[PDB]
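Below: one structure, written as structure tokens.
Number of protein chains: 4
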Amino acid sequence: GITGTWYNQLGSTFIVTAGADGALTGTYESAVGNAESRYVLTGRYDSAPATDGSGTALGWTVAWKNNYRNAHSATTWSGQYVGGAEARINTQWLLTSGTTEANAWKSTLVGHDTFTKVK
Amino acid sequence: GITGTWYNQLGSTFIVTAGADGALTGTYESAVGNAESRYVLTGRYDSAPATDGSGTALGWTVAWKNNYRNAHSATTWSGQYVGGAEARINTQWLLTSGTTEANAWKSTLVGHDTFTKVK
Amino acid sequence: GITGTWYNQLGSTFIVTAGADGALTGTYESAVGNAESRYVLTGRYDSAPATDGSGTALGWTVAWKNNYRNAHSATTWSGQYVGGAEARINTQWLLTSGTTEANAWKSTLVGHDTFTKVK
Amino acid sequence: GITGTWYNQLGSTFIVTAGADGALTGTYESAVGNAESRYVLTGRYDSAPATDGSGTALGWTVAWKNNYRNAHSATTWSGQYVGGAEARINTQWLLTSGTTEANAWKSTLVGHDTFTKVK
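Written out as structure tokens, the structure is:
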């Protein structure tokens, strides 16, 4: 149930394909909704999850560089798919920016995102 | 300088290719060193980093499932390459395990890894 | 507005006093609601927050040891108070368990809690 | 062995008292070394740690406000004391800044600190 369009709370959109081999490929759109705000996502998911009501572990990365903008940063999301009635991807993320060694201590933001298939 | 074999402190080995398009592909080996402990890694890196001594932002994901073992979990690393003399990848990571909703609060470990090209 | 009883989503209860000097003192109750599940909390908050609609930065620690139970672990919450109509404390937390050096890599859980004054 | 002066890699200094009741009190000095860069720290530690070579779980908070400067932010450290020969406190930390709801997603930095009793 991972393949599809997912929306976070903040209004970002993640279009993903889950391949039989464990590969995630797709696009992440920061909230705007134009070509300029689309970035390649790659990831991995558990292709053989536990049959006991456990969620499916997954993760993906976006480098914030496309043909229009380079933020010299990358976010990774680490999380799990929950195939509920209204399914959800619950994640925590790390956004690392490229820095000098002096600013390396303040390079990494952390947060959390919930995604649904409902805008 | 990202393409190559990298070793973490704990003795894990990351073989990676950095493609011109921002793609990372490769294998992550938990410390053992046999076929059974090899897992596909996919990621993204900043292909056009800042020319001011800033590091290169990157991230990658391993789902802990191969032909031999499934830990029903995924780690993402978020970090930066520093093209020093002895170059390094400084990361923080999140390891999410597939869980029940009741155990979802204790699903995610966080830590940090430094990688070098020197065993 | 920090002084009071706050409830997280999971059903834990935080009773806190915010002193004029920046001190937080109080008790954290894991969801049960008896004397056996009460632990001392200590923390700090910004006593002079920005007058521009910014939240108030705060943090606190619970060592999971009382007269009844010792989990040999400590959680810290780092967050901000938002004096809305229905006010909230938005936090992320780290739960570190005492471990051997060999298990030090898996010592630290991370997550997030929202607290309200409404059960 | 927690009571004493501890130095992080970056050159910050933590003077702490570990009380019999689980309380940490003290001062955190960002790297400078003058009165202007001293801040109150409060925390908790496991007063009865495991007798099996496990570290002692601890955590503390500094609100970045003193009589001289207010950064409208708070750091929490979550970690463990390891009573080695050369003892160490291994931590991960969260630095939350007070923000608007719009900037709440980028409010929280994460990192790691190792402390020793050796400058």
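One line per chain: the protein sequences are A, B, C and D, in this order. Throughout, the UniProt record's numbering is defined as the position within the first sequence, counted from one, plus 39. Throughout, the UniProt record's numbering is defined as the position within the second sequence, counted from one, plus 39. Throughout, the UniProt record's numbering is defined as the position within the third sequence, counted from one, plus 39. Throughout, the UniProt record's numbering is defined as the position within the fourth sequence, counted from one, plus 39. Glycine included, C-beta positions come from ideal geometry on N, C-alpha and C.
(Q) Tell me the rounded alpha-carbon separation between residue 194 (chain C) and residue 100 (chain C). (A) Past the edges of chain C, shown from 40 to 158, lies residue 194 (chain C), and the structure says nothing about it.
Q: Out of B:109, B:60, B:73 and B:64, point me to the one whose CA is closest to residue 79 (chain A)'s CA.
A: B:60
(Q) According to DSSP, simplified to helix, strand and coil, what is residue 76 (chain A)? (A) helix
Q. Taking C-alpha atoms, which residue in D:105, D:145 and D:97 lies nearest to residue 88 (chain D)?
A. D:97
Q.
Along the stretch 48 to 81 of chain A, where does the CB come closer than 9 Å to a CB of chain B? Name the residues.
A. 60, 61, 62, 63, 64, 78, 79, 80 and 81
Q. Would the stretch 101 to 115 of chain C and the stretch 68 to 78 of chain D be scored as touching if the rule is three or more Cβ pairs under 8 Å?
A. no
(Q) Any beta carbon of chain A sitting closer than 7 Å to that of residue 111 (chain C)? (A) no
Q | Listed by chain order, chain C residues near residue 131 (chain A) by CB distance under 9 Å | A | 131, 149, 150 and 151
Q: Measure the Cβ-Cβ separation of residue 139 (chain B) and residue 92 (chain A) and say whether it is below 7 Å.
A: yes
Q | Close Cβ partners of residue 111 (chain C) (< 7 Å) along its chain, the five nearest in sequence each way excluded | A | 136 and 137
Q: Measure the C-alpha to C-alpha separation of residue 68 (chain A) and residue 150 (chain A) and round it to an integer number of angstroms.
A: 18 Å
**Q.** Reduced DSSP category for residue 104 (chain B) - H, G, I as helix; E, B as strand; rest coil
**A.** strand
Q: Would you mind working out which of B:147, B:145, B:127 and B:152 sits nearest residue 43 (chain B), comparing C-alpha positions?
A: B:127
Q) According to DSSP, which residues form a beta bridge with residue 128 (chain B)? A) B:120 and B:154
Q. Taking C-alpha atoms, which residue in C:40, C:45 and C:41 lies nearest to residue 153 (chain C)?
A. C:45
**Q.** Proximal residues of chain C, C-beta to C-beta of residue 104 (chain D) below 8 Å
**A.** 61, 85, 86 and 87
Q. Just how far apart, CA to CA, sit residue 64 (chain D) and residue 114 (chain C)?
A. 17 Å
(Q) Between which residues of its own chain and residue 148 (chain B) is the CB-CB distance below 6 Å, once the five residues before and five after are set aside? (A) 134
Q) Can you find a C-beta in chain C that's less than 7 Å from the C-beta of residue 96 (chain D)? A) yes
Q) Should residue 141 (chain B) go down as buried or exposed, given a rule of 16 or more other Cβ atoms within 10 Å for buried? A) exposed
Q: Mark residue 56 (chain B) as exposed unless 16 or more other C-beta atoms lie within 10 angstroms of its C-beta, in which case mark it buried.
A: exposed
**Q.** Sub-7 Å separation of residue 122 (chain C) and residue 129 (chain C) beta-carbons
**A.** no
Q: Starting from the Cα of residue 84 (chain B), find the closest Cα among B:145, B:120 and B:124 and give me that residue.
A: B:120
Q.
Below 6 Å, is the gap between the Cβ of residue 135 (chain A) and the nearest heavy atom of the ligand ADP?
A. Ligands are entirely absent from the displayed structure, and the ligand ADP is therefore not among its contents.
Q | Option nearest residue 41 (chain C) by Cα separation, candidates C:108, C:49, C:95 and C:145 | A | C:95
Q) Hey, out of C:158, C:131, C:109 and C:52, whose CA is closest to residue 143 (chain D)'s CA? A) C:131
Q. What three-state label does DSSP hand residue 89 (chain B) in the structure shown?
A. coil
**Q.** Bounding residues of the beta strand (DSSP E) (the contiguous stretch that carries residue 58 (chain A))
**A.** From DSSP, residue 58 (chain A) is part of no beta strand (DSSP E); its letter is neither H nor E.
Q: Pull up the DSSP beta-bridge partners for residue 133 (chain D), would you.
A: D:115 and D:149
Q. Can you tell me whether DSSP reads residue 70 (chain D) as helix, strand or coil?
A. coil
**Q.** CA-to-CA distance, residue 54 (chain C) to residue 51 (chain B), given in whole angstroms
**A.** 44 Å
Q: Determine the chain D residues that contact residue 143 (chain C) at a beta-carbon separation under 9 Å, and present them in chain order.
A: 94, 119, 121 and 129
(Q) Within the continuous beta strand (DSSP E) that includes residue 47 (chain A), where are the two ends? (A) 43 to 47
Q: Flag this pair as yes or no: are the beta carbons of residue 77 (chain B) and residue 90 (chain B) separated by less than 7 Å?
A: no
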